[PDB]
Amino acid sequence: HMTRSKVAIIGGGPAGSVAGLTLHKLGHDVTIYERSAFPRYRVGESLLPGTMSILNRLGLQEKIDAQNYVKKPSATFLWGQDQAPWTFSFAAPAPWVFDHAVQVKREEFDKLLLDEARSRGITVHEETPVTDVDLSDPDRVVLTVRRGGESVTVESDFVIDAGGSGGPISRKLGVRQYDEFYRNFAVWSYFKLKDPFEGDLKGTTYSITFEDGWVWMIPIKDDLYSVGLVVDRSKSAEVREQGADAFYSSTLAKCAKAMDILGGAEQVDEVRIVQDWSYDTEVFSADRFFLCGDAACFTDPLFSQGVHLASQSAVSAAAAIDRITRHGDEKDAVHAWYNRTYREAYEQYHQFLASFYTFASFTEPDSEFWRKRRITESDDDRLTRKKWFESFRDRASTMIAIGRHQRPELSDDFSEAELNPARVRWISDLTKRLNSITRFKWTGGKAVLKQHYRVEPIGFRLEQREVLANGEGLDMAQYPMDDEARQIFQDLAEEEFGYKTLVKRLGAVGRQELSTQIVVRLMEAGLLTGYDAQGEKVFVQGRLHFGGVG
């Protein structure tokens, strides 16, 4: 209980800094090894509310307010050809809950976090690459580090690899699993251009489909836009052959709505490229190591999840190391929790992504980009799927409908309030479906409490919580339940009462304000199935934020 660990951290990007700040607040002894000198240039500029929340709870609010980062209200999508625009609002009602995020210059943002780490007495070595990581001694971790021109050797109780896509551990272990099809390749530059919108659109992140993929437009200053192409890795050869500059301009010129908003603006930087393929890992952590951020997995940046998942996993890996340090018998359970949680985030962002790419594929040409990414299924499943012609994948269908602008084209006429009717209409539809449920069935014959972990948001400790499950381990981990609320569900499994009874029984035990969320989550978890008065199944899903929002 008074025991704390010595922890080496490879990499001082967002995963590294957040991991070190969190481990320090949890009372551990942190060293961060970063191979570069800061500031150093880095792409990946558009952030999420969930990450601001984390930084706020770690005490960075004043330093961040000081920076005057461009504020981001939402993300806007021009998705498919001749489609109305849609926007994903960051609108949301605790002190750390954020309704917006920001856009940053990563060289400055990353250096701000790292300098904060320094100021708290965390040891930081810049220009000190970690050259080898040895885990074969089960009692310790030993790193080899290049200090000056000398190899120096250092031991620690734990190691976090936050070294980004080039982190040494996943490579060393050979546990990286590249996605078979999501092999994105990016080519980008900067323009001098002032946000052309004054209304609710100002500061929004634009993602815009064309023949060979999509274009991003991020305002990182008053008059500065990051403008990137995401294309298939099959375009590597063209860039190799014809040069990135020529590839960049002739490709970007193919995206009319993008040239539309650009309009003669001046290109104000060189163009860079990189391979950004999706991949996860067989192992997110085991024994004395954790992988965090791109070192663990990489998600197609369409929804700007990257820095958020680096931050979230960094906080989780910190809490995990703390828990194991104070309760060493829980080692296996804690690693199983870290692996499950990261895997589930990765896999469900991927499933969701597949939906979005498929929707654009109906109006974009049959290029290798769209063909690799759109859902694979029978000629007949696909023609049926132009059920789309007339509006995870209903989850995405939902988001798009709610966010649909009420005119055919993108304009400063847009206000987020014009989205309120479709929102409300979705809520009324959800309310209508739940109310029609006169009979519920439980999956299995037993309702049980199962052990689960949760990071406490204020102090960051990993706490134990009992969640609802069946005998066969299926669970709904998002809410803490007791023997008392479990009884509710055992009675349900036996008597199969409907929605009205379930709401009442929940209210009766203090859970009146969560009850709608509780039953929706149980439905999505496949633990509850609902039936209407005519005996037909009733399908409910109430998701529709992508992670790090709302």
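The first residue of the shown sequence is 1; numbering continues from there.
The entry models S250 and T251 with no unmodelled deposited residue separating them.
In this entry, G149 and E150 are joined directly, with no residue of the deposited sequence lacking coordinates between them. As listed in the deposited structure, the average C-alpha B-factor of 446 to 454 and of 122 to 130 is greater for 446 to 454. Higher mean CA temperature factor between 10 to 18 and 527 to 535: 527 to 535, per the PDB entry. The PDB entry assigns its highest CA temperature factor, among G228, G80, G471, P138, to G471. Residue set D332, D413, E463, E155: peak C-alpha B-factor at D413 (per PDB entry). For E347, the recorded CA B-factor ranks within the middle third of the chain. Only modelled residues enter the ranking. When the modelled residues of the chain are ordered by their C-alpha B factor, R183 lands in the lowest third. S36: CA B factor in the middle third of modelled residues in this chain (values from the PDB entry). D29 sits in the lowest third of its chain by CA B factor, as recorded in the PDB entry. Looking at the C-alpha B-factors along this chain, the one for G507 belongs to the highest third.
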